[PDB]
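Heads up: the structure comes next, in structure tokens.
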Amino acid sequence: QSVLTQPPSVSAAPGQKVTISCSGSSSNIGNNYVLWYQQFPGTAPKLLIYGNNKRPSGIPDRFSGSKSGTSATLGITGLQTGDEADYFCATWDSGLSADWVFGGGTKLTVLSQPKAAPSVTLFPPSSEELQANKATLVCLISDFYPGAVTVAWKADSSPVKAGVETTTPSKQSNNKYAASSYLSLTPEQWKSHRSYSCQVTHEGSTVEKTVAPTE
Amino acid sequence: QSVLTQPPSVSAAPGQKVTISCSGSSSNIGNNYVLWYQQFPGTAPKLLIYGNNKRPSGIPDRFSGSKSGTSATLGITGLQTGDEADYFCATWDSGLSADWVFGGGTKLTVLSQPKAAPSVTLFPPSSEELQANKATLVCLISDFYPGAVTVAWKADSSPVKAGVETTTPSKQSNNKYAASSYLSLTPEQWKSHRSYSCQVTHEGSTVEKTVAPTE
Amino acid sequence: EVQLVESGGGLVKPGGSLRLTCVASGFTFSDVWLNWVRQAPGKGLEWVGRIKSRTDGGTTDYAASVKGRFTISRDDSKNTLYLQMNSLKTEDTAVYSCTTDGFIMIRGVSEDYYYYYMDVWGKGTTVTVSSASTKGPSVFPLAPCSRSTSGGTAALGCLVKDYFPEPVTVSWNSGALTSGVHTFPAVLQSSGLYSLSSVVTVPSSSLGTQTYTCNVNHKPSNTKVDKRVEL
Amino acid sequence: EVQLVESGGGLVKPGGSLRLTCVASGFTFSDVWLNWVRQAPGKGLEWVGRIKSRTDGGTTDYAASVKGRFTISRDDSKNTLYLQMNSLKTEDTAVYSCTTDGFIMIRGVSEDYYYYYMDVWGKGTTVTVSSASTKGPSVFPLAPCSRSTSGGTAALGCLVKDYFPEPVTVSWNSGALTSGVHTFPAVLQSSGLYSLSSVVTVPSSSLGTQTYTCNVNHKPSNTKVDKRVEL
Amino acid sequence: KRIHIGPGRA
Amino acid sequence: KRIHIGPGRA
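Protein chains in written order, with this note's numbering: chain A, 1 to 215; chain B, 1 to 215; chain C, 1 to 231; chain D, 1 to 231; chain E, 1 to 10; chain F, 1 to 10.
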């Protein structure tokens with residue numbers, strides 16, 4: 001779902017260094033010049049780097065860019081809380097329509113509080129929903145920091161991808177993050193397995209919750 | 001769904017005569033004696049006739065009974081509004097368990113007001129229901145007298161029996177009758193035909209309402 | 001002063017068990033034959049079985065449809081009749097009542113004739129065999145198909161689908177609207193869930209002046225739904 | 001003081017048409033190249049096409065995913081950019097915004113280098129291509145699976161399924177309960193309908209003292225649902 | 001001498 | 001003299 005590929009998120013404490021990669025193909029990054037953009041919530045993207053490694057006036061040299069083959073990288077040194085934003089790379093395709101192509105974007109979090117593991121609650125389908133010939137498992141993920149997670153569902157032990165809908169992380173009132181994941185099933189399926197699980201990965205550590213039709 | 005068979009309803013004006021038939025088989029009516037019961041809403045059945053044609057003390061001779069072969073009949077002369085109730089026949093099976101068997105009952109209405117044709121309203125599935133992956137056609141039948149009707153659904157012009165649920169006639173505050181009929185469809189089916197119709201038959205005359213997905 | 005009062009009815013899952021009891025009063029219980037009868041919604045009365053008096057052997061008879069799964073017994077000691085139901089099927093869903101075999105006696109010239117019939121009847125106890133459980137209704141608006149402005153009066157309504165158990169209460173505009181209101185009795189579905197409709201007829205020439213909100217209250221599941229109907 | 005303001009977004013059925021317009025201000029419109037970009041929910045930015053300046057031929061380029069169905073044009077006369085969308089597919093659903101190709105100029109020793117980039121960006125206009133229409137939510141109770149009495153706190157909730165469009169408001173006990181309440185952002189379904197959940201955590205050692213009713217208000221369809229959650 | 005007319009009777 | 005670095009450019 002993204003022409004150029006960048007990691008979805010990266011985190012570091014103020015004063016530290018950080019790098020964000022951007023992978024493409026010979027048709028785009030390989031053949032042309034890379035641009036890097038910085039974007040703050042509710043504002044237009046701001047040009048950070050152009051011509052692979054050049055900085056527009058106003059951009060401090062703590063920002064650097066490089067391109068090697070079909071990959072490009074953005075570096076930021078001496079992190080400041082004010083650098084917390086989204087960063088995406090761009091180029092154009094050397095095809096006939098000369099498309100501008102973009103990366104999926106990288107959210108940079110400048111640690112302003114201690115990292116928090118997420119709270120996870122997994123609800124099985126309600127009895128009322130089943131009688132409506134439907135079954136939804138609800139996985140609620142809250143109070144985590146920084147704001148990025150990965151959600152995987154399991155049927156017994158087999159991974160499950162069909163029927164999953166996960167919202168993007170959202171900022172809570174207390175500055176931590178929240179997110180939801182739903183798994184659509186058929187009343188039949190729900191009863192067909194011993195259990196179902198929702199495992200959320202955050203900063204390496206993975207939390208896992210389970211539910212069983214048994215009760 | 002009734003061991004012995006009787007017409008579901010019968011009507012006549014006060015002072016008139018009326019007869020209610022009851023059909024069975026050699027195993028029941030043919031071999032044994034028939035009993036006839038009278039029942040008023042919210043009360044226990046009252047014995048009207050026994051031994052095919054005998055009346056219990058208190059039962060006026062306006063009531064008579066007869067049995068011919070595997071059929072039995074109940075007659076009532078000089079009808080009074082007070083005779084309005086349900087009437088069912090009974091006997092026992094000459095089989096090993098000696099079951100008491102019953103007729104489905106015939107509702108006798110003693111005309112106490114001018115006959116009224118029914119009002120029929122047909123609603124197509126709501127847009128909100130369709131998005132819920134369901135579709136129900138609603139046929140509402142009200143203000144008819146006496147209280148008996150027949151409801152038939154049509155897909156384009158073909159009769160439809162699958163997915164139909166009809167309530168039994170019900171007595172309204174103004175002494176007339178009401179009933180509902182529902183037709184369950186799939187959003188697909190509903191759109192698959194030019195139209196759907198609900199035709200209600202009452203005292204010979206048939207009313208018919210139609211709906212088309214067109215709008 | 002004769003009567004039969006049964007109890008023990010309720011909701012049971014398919015396959016489950018249920019024990020109905022019937023208490024009698026007003027006559028010598030031990031001397032009569034007892035019957036269990038049932039009437040499912042829509043269908044006609046069906047005899048379930050009987051238990052003869054102790055004097056007549058105290059034996060029991062069962063309808064072919066329940067033999068092996070149902071058992072009848074009596075405790076003359078306390079005027080009580082019992083019906084133990086096992087391996088219940090959804091098709092066993094019905095109103096169950098007890099009745100006694102009574103008789104009208106006639107003295108003939110040389111013989112005495114006894115004509116039997118179901119004499120005393122109980123009010124019955126409801127037995128529901130369904131996998132269905134408590135559930136609030138789905139409320140859908142019922143707007144007139146054709147643009148209603150041609151006819152003098154327009155009909156608006158609410159479809160109160162799939163709820164359980166009964167009852168559902170419906171009012172319009174919090175009770176302020178009562179004229180031209182018709183709430184139809186519920187229809188029972190195979191699933192065991194009920195559905196009903198409520199319609200109000202208003203002057204076609206008036207649509208637009210105000211609003212019509214149906215207030216659906218389903219106490220059994222503590223669900224309240226207010227839905228405005230429009231067109 | 002440069003800006004781009006687009007409009008024309010809305011809901012369209014699959015197969016329908018839509019015409020977006022973008023008005024610019026603060027610079028010489030005729031001299032810049034214009035782009036249309038779009039970002040669907042969750043996905044990344046996708047370039048839709050561009051229209052060169054009249055000086056450069058005024059020709060247009062289109063992404064392979066929209067060629068044949070989309071058309072871009074400009075009216076330098078009134079600082080306006082147009083996007084005509086035909087044969088819309090649900091996959092065209094996204095926020096559409098116009099951007100200009102700007103440039104950073106660098107003077108080298110012998111040559112002058114012009115590095116172009118998307119400079120000014122509009123806030124965008126939402127285009128939803130769905131057969132979905134106004135619909136109230138189905139509210140289901142979310143009770144803890146395992147009998148929650150072991151853990152210190154219990155979580156209760158409400159599943160507000162299949163509604164449209166946004167937003168849905170949720171409160172507990174009419175606003176009297178605000179501590180320990182978490183209403184999660186909605187998830188968008190393929191059907192075009194939304195669903196969200198709201199949970200409240202209470203002391204496990206307290207369940208039984210009072211009740212918890214979630215008040216779901218969906219103004220867009222004038223639907224109010226009050227559902228008591230129990231266990 | 002007694003005649004019995006009914007199901008389950010002699 | 002001028003060098004142009006961009007899509008559809010020269």
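Cβ coordinates follow ideal geometry from the N, Cα and C atoms, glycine included.
Legend entry - Min CB distance residue 273 of chain D to chain C below 7 angstroms: The requested residue 273 of chain D does not occur in the structure, where chain D is confined to residues 1 to 231.
Inset, instruction - Determine the extent of the alpha helix (DSSP H) in which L185 of chain A is found, giving its start and end residues. - result: First-last for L185 of chain A: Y177 to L185, but that is the beta strand (DSSP E), not the alpha helix (DSSP H).
Inset, instruction - Please state if the CB of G65 of chain A and the CB of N53 of chain A are separated by a distance shorter than 7 angstroms. - result: yes
Legend entry - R55 of chain A classed as buried or exposed, judged by whether at least 16 other C-beta atoms fall within 10 angstroms: buried
Inset, instruction - Name, going along the chain, the residues of the segment 116-144 of chain D whose beta-carbon falls closer than 9 angstroms to a beta-carbon of chain C. - result: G136, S138, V139, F140 and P141
Legend entry - Contacts of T223 of chain D in chain C (Cβ-Cβ under 9 angstroms): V139, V225, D226, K227 and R228
Legend entry - Validate contact between the segment 127-139 of chain B and the segment 166-186 of chain B using beta carbons, cut 8 angstroms, 3 pairs: yes
Legend entry - Cα-Cα separation between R9 of chain E and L83 of chain C, rounded to whole angstroms: 22 angstroms
Legend entry - 7 angstroms Cβ cut-off: residues of chain B touching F184 of chain C: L140, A178 and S180
Legend entry - N-terminal and C-terminal residue of the alpha helix (DSSP H) that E84 of chain A is part of: Segment: none, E84 of chain A is in no alpha helix (DSSP H) and carries neither H nor E.
Inset, instruction - Within the same chain, show all residues whose beta-carbon is closer than 7 angstroms to that of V23 of chain C, passing over the 5 residues directly before and after it, in chain order. - result: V5, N79 and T80
Legend entry - Near-chain D residues of the segment 194-212 of chain A (beta-carbon distance less than 7 angstroms), N- to C-terminal order: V211
Inset, instruction - Please say whether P185 of chain C and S170 of chain B have beta carbons closer to each other than 7 angstroms? - result: yes
Inset, instruction - Please confirm whether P144 of chain D and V229 of chain D have their CB atoms less than 7 angstroms apart. - result: no
Legend entry - Three CB pairs or more closer than 8 angstroms across the segment 161-175 of chain B and the segment 123-133 of chain B: no
Inset, instruction - Could you check the C-alpha separation between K46 of chain B and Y37 of chain B for me, to the nearest Å? - result: 5 angstroms
Inset, instruction - Would you kindly work out how many angstroms separate the C-alpha atoms of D162 of chain D and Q189 of chain B, rounded to a whole number? - result: 22 angstroms
Inset, instruction - Quick one: grab the DSSP three-state call for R2 of chain E. - result: strand
Legend entry - Element boundaries [beta strand (DSSP E), containing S171 of chain D]: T169 to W172
Legend entry - Residue-chain proximity (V66 of chain C, chain B), Cβ-Cβ < 7 angstroms: no
Inset, instruction - Give a yes or no on contact between the segment 40-54 of chain D and the segment 101-109 of chain A, applying the rule of three or more CB pairs nearer than 8 angstroms. - result: yes
Inset, instruction - From the DSSP output, in three-state form, read off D76 of chain D for me. - result: helix
Legend entry - Residue burial classification, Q113 of chain B (beta-carbon count within 10 angstroms, cutoff 16): exposed
Legend entry - Secondary structure, beta strand (DSSP E): runs of 3+ residues fully inside the segment 19-102 of chain A: 35-39, 46-49, 63-68, 71-76, 85-92 and 100-102
Legend entry - Partner residues on chain D for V160 of chain A, Cβ-Cβ distance less than 9 angstroms: Correct list: empty, because the minimum Cβ distance to chain D is about 17 angstroms.
Legend entry - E128 of chain A: first and last residue of the uninterrupted alpha helix (DSSP H) it sits in: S127 to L130
Inset, instruction - Check the Cβ-Cβ distances between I3 of chain F and every residue of chain A, and say whether any is below 7 angstroms. - result: no
Legend entry - Contact set between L196 of chain C and chain A, taken where Cβ atoms lie within less than 8 angstroms: Simply none; closest approach about 17 angstroms.
Legend entry - Pair within 7 angstroms by beta-carbon distance, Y115 of chain C and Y50 of chain B: yes
Legend entry - Given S21 of chain B as reference, the closest of B:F123, B:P60, B:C89 and B:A148 once Cα atoms are compared: B:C89
Inset, instruction - Answer yes or no: does any C-beta atom of chain E fall closer than 7 angstroms to that of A90 of chain B? - result: no
Legend entry - Residues of its chain near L11 of chain C, where Cβ-Cβ distance is below 6 angstroms and the 5 sequence neighbours each way are ignored: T128
Legend entry - Contact set between the segment 97-110 of chain A and chain F, restricted to residues whose Cβ is under 7 angstroms from the partner: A98 and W100
Inset, instruction - For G152 of chain D, count neighbouring C-beta atoms within 10 Å of its own C-beta (all shown protein chains included) and say buried if the count is 16 or more, exposed if not. - result: exposed
Legend entry - C-alpha distance - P165 of chain D paired with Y96 of chain C, whole-angstrom precision: 49 angstroms
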